[PDB]
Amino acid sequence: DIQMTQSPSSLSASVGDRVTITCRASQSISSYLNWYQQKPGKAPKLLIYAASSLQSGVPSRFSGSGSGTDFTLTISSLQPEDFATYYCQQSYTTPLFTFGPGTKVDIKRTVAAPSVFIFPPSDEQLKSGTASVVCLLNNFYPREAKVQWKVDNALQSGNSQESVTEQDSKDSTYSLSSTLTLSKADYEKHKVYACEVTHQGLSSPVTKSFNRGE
């Protein structure tokens, strides 16, 4: 088989910048590689077929390059409709093709530390038997952030779930929501619930927390 990999998983770029995505292959594919673009909730769109051949109906700023195992899509002047995900596909073993993971291109901005808020379970959700604790990371950039949960200074592992929003059209910021789930049993047996947040815009980690009685 043939493995396909893309240079930067994520990428921040300004409108009018020259972007360069890279794609690599397990073997010498010799220019049998196509490039696609995909905006959330739409289908793929072909951009460059056979390494550098532009696809009619696609803007002139899309360049295709590379010939053996290392390949490169280039956008000359990124425009507002160019923020999307770009994957590469392989035509070497057609009709069984494999794809790359994709490279998400987003709106470069100034680093913004997130406002950190921690919500304790509502007494209404305690009647039901389970307890959900929520930690919010609000309005930051870039998207990469880490959120560690502590219950009486015991880092939690298999009981959290995260969710990130889309780049805000006004902010160009992200927001995050980690939900720790528990049981009226466990939540009732421990006092201090806490949420450590590390992120490029915070000097050191930020820990929002609370105590059950409170």
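Throughout, we count residues from 1 along the sequence that is shown.
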{"item": "Segment of higher mean CA temperature factor, 122-130 or 99-107", "value": "122-130"}
{"item": "Mean C-alpha temperature factor, higher of 77-85 and 131-139", "value": "77-85"}
{"item": "Criterion, highest CA B-factor; candidates, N34, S178, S67, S175", "value": "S67"}
{"item": "Ranked against its chain, the third holding the CA B-factor of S9", "value": "middle"}
{"item": "Chain thirds of CA B-factor: placement of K150", "value": "lowest"}
{"item": "Entry-reported Cα temperature factor of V58, expressed as the chain third it lands in", "value": "highest"}
{"item": "Assigned third (lowest, middle, highest) for the C-alpha B factor of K42", "value": "middle"}
{"item": "Position of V197 among the chain's modelled residues by C-alpha B-factor, lowest, middle or highest third", "value": "lowest"}
